[PDB]
Amino acid sequence: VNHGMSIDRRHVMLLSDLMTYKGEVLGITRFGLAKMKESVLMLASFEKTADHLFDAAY
Amino acid sequence: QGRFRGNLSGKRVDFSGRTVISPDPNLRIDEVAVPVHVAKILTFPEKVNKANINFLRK
Amino acid sequence: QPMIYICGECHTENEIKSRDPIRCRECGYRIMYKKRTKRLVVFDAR
Amino acid sequence: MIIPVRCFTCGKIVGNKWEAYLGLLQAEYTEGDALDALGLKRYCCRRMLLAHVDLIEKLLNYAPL
Amino acid sequence: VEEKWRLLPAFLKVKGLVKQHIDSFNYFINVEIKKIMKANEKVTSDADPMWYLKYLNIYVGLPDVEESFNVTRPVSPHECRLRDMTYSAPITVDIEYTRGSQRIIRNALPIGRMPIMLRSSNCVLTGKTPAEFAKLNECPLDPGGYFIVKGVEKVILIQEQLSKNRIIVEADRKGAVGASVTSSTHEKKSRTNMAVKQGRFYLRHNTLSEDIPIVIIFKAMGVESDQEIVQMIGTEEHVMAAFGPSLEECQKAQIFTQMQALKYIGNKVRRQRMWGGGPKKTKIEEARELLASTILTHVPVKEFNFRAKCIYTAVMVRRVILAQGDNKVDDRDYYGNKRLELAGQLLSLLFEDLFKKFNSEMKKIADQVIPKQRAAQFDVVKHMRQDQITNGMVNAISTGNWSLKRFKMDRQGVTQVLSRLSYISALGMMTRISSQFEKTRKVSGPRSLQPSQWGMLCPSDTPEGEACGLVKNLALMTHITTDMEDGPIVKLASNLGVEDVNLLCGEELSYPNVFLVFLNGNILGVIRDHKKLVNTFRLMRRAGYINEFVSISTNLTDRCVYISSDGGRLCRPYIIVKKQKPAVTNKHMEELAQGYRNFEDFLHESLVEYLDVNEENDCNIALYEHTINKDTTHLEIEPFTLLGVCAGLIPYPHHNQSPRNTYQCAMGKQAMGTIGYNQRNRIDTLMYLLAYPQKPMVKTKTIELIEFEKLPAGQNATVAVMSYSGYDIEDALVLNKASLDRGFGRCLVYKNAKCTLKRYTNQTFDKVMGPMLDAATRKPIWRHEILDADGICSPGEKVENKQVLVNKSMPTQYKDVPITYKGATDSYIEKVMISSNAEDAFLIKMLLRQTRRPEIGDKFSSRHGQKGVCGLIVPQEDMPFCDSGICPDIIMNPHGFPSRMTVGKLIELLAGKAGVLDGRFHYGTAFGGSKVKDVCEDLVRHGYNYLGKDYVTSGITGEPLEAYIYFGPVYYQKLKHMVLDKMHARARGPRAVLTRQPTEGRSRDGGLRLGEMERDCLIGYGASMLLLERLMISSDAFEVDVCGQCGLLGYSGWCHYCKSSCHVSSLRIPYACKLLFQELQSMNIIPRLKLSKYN
Amino acid sequence: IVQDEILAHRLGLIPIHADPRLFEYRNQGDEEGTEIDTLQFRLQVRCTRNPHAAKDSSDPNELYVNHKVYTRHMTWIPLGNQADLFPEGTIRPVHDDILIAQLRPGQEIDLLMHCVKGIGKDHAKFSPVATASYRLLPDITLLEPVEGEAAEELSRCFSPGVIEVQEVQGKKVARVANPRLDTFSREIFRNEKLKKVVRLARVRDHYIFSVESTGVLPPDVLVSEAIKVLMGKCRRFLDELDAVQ
Amino acid sequence: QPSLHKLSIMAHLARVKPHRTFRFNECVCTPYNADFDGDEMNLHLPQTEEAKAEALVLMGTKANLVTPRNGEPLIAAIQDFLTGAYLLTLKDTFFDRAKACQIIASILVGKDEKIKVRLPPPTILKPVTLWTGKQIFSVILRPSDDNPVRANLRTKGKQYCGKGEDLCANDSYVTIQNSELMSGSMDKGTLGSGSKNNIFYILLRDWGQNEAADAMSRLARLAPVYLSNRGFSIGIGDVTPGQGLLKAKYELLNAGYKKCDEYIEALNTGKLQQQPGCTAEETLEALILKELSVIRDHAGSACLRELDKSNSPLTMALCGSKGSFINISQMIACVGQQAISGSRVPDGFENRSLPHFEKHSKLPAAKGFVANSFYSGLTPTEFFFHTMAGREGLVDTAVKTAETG
RNA sequence: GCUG
Ligand SMILES: [Mg+2]
Ligand SMILES: [Zn+2]
Ligand SMILES: [Zn+2]
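Chains as they are written, first to last, in full-length UniProt numbering: chain A, 1276 to 1333; chain B, 349 to 406; chain C, 13 to 58; chain D, 1 to 65; chain E, 23 to 834, 850 to 1132; chain F, 100 to 344; chain G, 465 to 869.
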């Protein structure tokens, strides 16, 4: 609201509630995706495609 | 350009066209005017089904 | 069916047969331009 | 490259006037007065002679001849 | 002084504009090449000590091309463009090699061919009258400054770099202020840095494996004794205290003498070469070699004396410490610290590497053959190869990659192809500057407009997009300086009272009165009176005793006075005001025009002076005579010169919002207009020419200087600004059909098709075979209709899609490989040129002409940054008409002006309407121009409303419109982008072999990419089926056989792995995934698949 | 040097003095044409150096013969009985001075042109009037009598002959003499005092029509033809109504 | 192609036309963020019956007339559609039977051909028989007597005087009863995007997607026909400062310049009072910036008052079709202090923004205040300061697009 | 490199 840019709270009530539902606040970075998702190709389609595919073969 | 983003998440697609866009106030909001040239190249597969038989033959 | 080419500087018609170096007599130019078509061409004035 | 035969907006023939306009300018006639003598009263017609750049003469210097 | 404007044409006849490119190559071909040859003169062989190969004089000759074994005839720039040859001249050098045992001197031995920029001193075009140009087929109004390499004209873009020889105080990522001086000499260019990584000062260099504490470096240099080091750096409590931690570090170690520090530095020198280096260079000796040629090389040791290197090192240390306190780091965005390098410097660096590579290769050949092959003499002249130098430069110009490993220089994008969209596009490209930092995405860095750029770089001319501030354009009156000798500046300074620095202990440098003198980065001494050196040096320059471009500047905060004759520094001419009165004096201004004086006379009479950005910091320029004060030092020659070539073409730029002016600069380059008087003769890949070009009604002073009017790019159009139809909403324009029919906007697009028939080493040569007649018809087949008997098409004949322009057969015996026209619309062959390339290979070039009338979807711009597509074409009868009977050619929506704030366009309609009626061309020059009040009076005399609003009636209804409509003539330029060339549609077409997905190019039949952002929107819509159809069925759907037990793909119902067909089952998968599973399996990542029946 | 497509467009724009009513519209296709539906004009010009010329020869006209192609060069080729129906010189390009192209020695233009009847709606080349426009008649009225130096400024505000100042008693007074000449620049509104003393209006039902022909046919004939074309459009629809009922 | 929200892909029905160019209605151009300044867009044809149905039911324009972010309408009137409607619905617009019939006639095309038009009884009836524009606009909402839509809205328009809900002086309170505008003129608030007080929104919410879409199509036919025949144009006279603004600006500029001088002396010779958070050289800059802002605001108010009720720039600002009063003030009165990062232009040279001013000058105009208007023209130093501020915006947009993506 |  500081930048104009009105938005529903129900969008932010979802983004916050995703971001903090597994114990601790999991920021949406490359690193927070590993602690949010279990499936590999969803992580592998995101950043670090090399390590996420080898580590899930290990 | 890599396979994960270039060839899997986003793929080149058939049955598509790109042209410059111009105004038409006489068209309903749900309609787009398509050039007759692009219309001739782009095709939709229609199965003969007893209601389109006469129309398809023409 | 003779092939006659006109040079860029001399502007003299030169007959060059196949597999002949493109040099023009009366000058040393190596650029030669083919002559205009004899065939009638139709243009819509529109 | 060469003077347009007809004015773009009005449609008056302005091809005939180019040779006279150049001659009037060669004499003491002013550009506004020269256009007035040719009879180009409307502004649309006047700009065609006033704004025309004659490149045919310059281009021909490089033509085969 | 009404004619203070007259000085801009006069400075421009000699310097300015595209000259900054030409005078630069001229210095390289006439002065720099010989300096490089003296530096790498003398090649000596290890195998024989006696053998020596010095170079005595190098000359670069006239450009000539020899098409025979020994003809050596002269060549012309046009012929090279047509035959795809390189315009270049021979580099001939004089040598005195050892030979058998004598000292044979050879005069004039060719070492290779040098590319030659057009209009350069060595170029044939220089000194030629316009009539002479016609025989050479070159346009007289051609900028020059470009190289014809392999038939493509290439421009080396100017590059902005931080100045060399000057210490730069800059924060590291850690916030740790450091320092870095790049030493550029004629022998070695190296980077020496200083760093405080733990609160203690270390010097870093690439030849040293580890950072060396500075006190050890000082002791190695020879300033043994801590007091002398401390006295040199500072005697203030803070400076000494902060250098206190650094003193302990040497004290903790046992270094206390030169030898014990030199040995310590040696144990750290990287000794990379252990092979072919013989035996030599002890560790102490290697250090005395590094400290004397590698560290701070610009400062020169006389006889292994570092007295000079040590003081300079102390100045660097003091500058880090004062900066570390207040955090006053030097700005790297100030144009004073940045020097622009043009062609000469880039070519000299490339040549320096190629000459050292040619010399090295000759030594390696000599060392190998002199001691082994025979008593028969080794003559270098026979083994010398022309190719190494010629091929090297050409490749760097042809492909813009400056990969010089010796200097660790790896820059790509140095050269670009000259743009021939228009005359303005070519002139703008010559004045184009490329930034050093190119990956920066911080808004407030290089991308910002810096006040230092005033008068040097155009404020509004910049590409909008990935490089908003990365690419900059030079202003009209700017001179980039070239290197000068410096013998006189050193002498004037000593006689002017500058005491030597060797004769003083360092304590002086910290007194408040003493100031240090630096010339191009080397200390020339210490002077107590700054003002007398500065005001005497300026007086001497005005009398002409010292060069005009030498600049004296003084920084009070750091007590130093800087004299710069380096070169690469931007300089702008300014009138000198002494005692509140300008020095031009009116009478001198008349004399320039009459002919008694030229610009140089004004410079040496003290009337005019050149000021660089550093000198400007010390001056108080006044833009106008009325603004003159007591403090004002100079006066600007002309205010409008602040804008550049593209910016000038805009009428009344000052009356518009600034973003709009930036857009016009980009659009002007893309406009379709006359290119040159030789445009018809040229056979370029793409040429767009307006059929009937017209000069602009509202001109600017810059248009006159650039000679835009001689070859214009647009047409003046009567425009009514009104809302009509509703087909002109978001930037659309309405055009009358009759004006398009009468010829408005008619353009010609010329494309070039090139075929080369080659002769192989096998002696088998491609051939052109004649048209294949169908006998029954006694006529050629449709595909071969246009071909003449020879097999090449004939000028004047229409070509349809799929017709064969040249029937060419290539030996596998011959398999036809035809050149076939592939144009969605017919084109007419205009010229077919047959020629031989550098290696004779029968190059054939065809020019195809297509004429396109303006059509809905074409782009037209107004010269005020407003670009619109043609929404509707209306018949003349439907267009509104004024009483005179003028109906508008173009109707423009009034809504564009309020948000855009383009008041200048509104002024331009009024000025043009007044000018056409008067018969006069009004001027809309920046910061000046015709006032609205004067123009309105002219309209009233001619019977028109002063405001220019006219009473119109409606063509559709026949009744008067309620509001008066502004009606006037405005210049409109048709932009190159056209809907005919931008329309692409693909159904089922060619699929790439690797992924089986569609192609990526309209030319290749293309196919559009539904990318991740489009895919994300479809996921939001919730459409599962649409995503599957678009991304699998209509892209790459495929069936694979998978085994149930293993999980591994099989073939034809079998698995070569668990050789039991029973478990194989079919699956549907995007084919790309099959490639991913295969590449995974090959790399050892096994993507095992479990298959379940649908239920 | 001129491109054939550009040269074709220039030739289409040039006007022909042939009377349209005599000829008939060509059917779709039917390129060959007939004596009734078409006129054929042949232009053949070759530029040659003047054999007897001055040494300087700075002027192209002295140096070259046929340097400029003009519309006078075009020559009518009669088809069938057209030659008898049209006496020599009836069918010719109207202007006679339009510059089609410019040539240099050794350059030749040879071409044949077919002329067909057309309406302006299809292309502007077929339009018969340089401009046709109508203006309602101006009726300036002075609401209050204006006398003195004010008359001189009121005369200046309007067009040159519309306002005449007469000294009735040795004192200047303003009257409107020729309102038709008024160009409606509306400069009276700039002067504050005179804005309220005059009313600028146009009589709605009086239209002054100006027609300038391209020379193809006399202007009086063109206006008569236009009225007949409107009469034809109404008749075509009336015939359709008869067929429907 | 630069897809940033859900609305960048939208389905459309396809109707083949001879001209080559993808032509759409201009109401749907703000979802695409698409101007017509050379833009190109992509078309995809679904090849399955299941994909065709999902595109029509889910991705169709009629089903997606509201943004998912707030629920505000995104498909709505823009530019000339908005101005034709504001001009038609003004109190002065009065029409005779023939002019009324022609404007209403434009609606009868594309499925309106089979509807019998209802002409409302004329608002004026005895000295002369005349209708009102508000009456003609109301036919867009209910074209025929058998249309069932009876739309109702009661909302403050922009320009509302603050008092008399429907008897405002400016005629800026909108009341629509039974699909009949009884008061007010249509502006961006009632006909444009971003508002839930839109008529098209009330039509979507209460009568359905089809009724809203039919009305929007009717406006795109009626609004252009009135404006083309009425005539709307801008000229130099529209942006020319009058005598009242000219005398006022001189007084405002001198007063602000002298007050700034007083503070600059107070920082130097005497003592400057400091805000508790602020410090010296920051209190002076912030307080000077407020005074410079006052000069531009007061000059703007004078410019708006002098402007006639017929300026094309004012009409576009009074409705929200294009522009703002800051844009009009900058063109006619005074462009303001150019601000880089919220502060006056920084010193590129040492202690000086440019070499054309004295060192250590904190005076307004040496730090980016441009007194001149766009119409008067910018002096060379003023032009450079304005370009610097303008480039900051251009660089910001290019960098921002990459970060958001 | 430029358009989008
Ligand atoms: Mg756009
Ligand atoms: Zn020749
Ligand atoms: Zn298996």
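By construction, the Cβ of each residue, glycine as well, lies at the ideal position given by its N, Cα and C atoms.
Bounding residues of the beta strand (DSSP E) (the contiguous stretch that carries residue i)
i      : result
G/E504 : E504 to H508
F/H213 : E207 to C214
Residue span of the alpha helix (DSSP H) that contains residue i, given as start and end
i      : result
E/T412 : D409 to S420
F/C256 : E248 to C256
G/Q599 : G597 to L605
F/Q181 : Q181 to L184
beta-carbon residue i near ligand 1 non-hydrogen atom, thresh 6 Å
i      : result
E/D750 : no
E/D915 : no
G/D499 : yes
E/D895 : no
Three-state class that DSSP yields for residue i in the structure shown
i       : result
F/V168  : strand
G/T747  : helix
E/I856  : strand
G/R694  : helix
E/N683  : helix
A/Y1296 : coil
F/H305  : strand
CB-CB length for residue i against residue j, believed under 8 Å
i      : j      : result
F/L235 : F/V302 : 6 Å
E/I672 : E/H901 : 7 Å
Any non-hydrogen atom of ligand 2 within 6 Å of residue i CB
i      : result
C/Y41  : yes
C/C36  : yes
C/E27  : no
E/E892 : no
Next on the checklist: Using a strict less-than 5 Å threshold between each residue's beta carbon and the heavy atoms of ligand 5, what residues do you get?
Outcome noted: In the structure on display, ligand 5 does not appear, and the ligands it does have are ligand 1, ligand 2 and ligand 3.
Checklist entry - Between the region 969-1000 of chain E and chain G, which residues of the former have CB atoms less than 7 Å from a CB of the latter, in chain order? => result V969, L984, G985, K986, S991, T994, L998, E999 and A1000
Checklist entry - Going along the region 860-875 of chain E in order, which residues come within less than 7 Å of chain C, judged by CB to CB distance? => result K868, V869, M870, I871, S872 and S873
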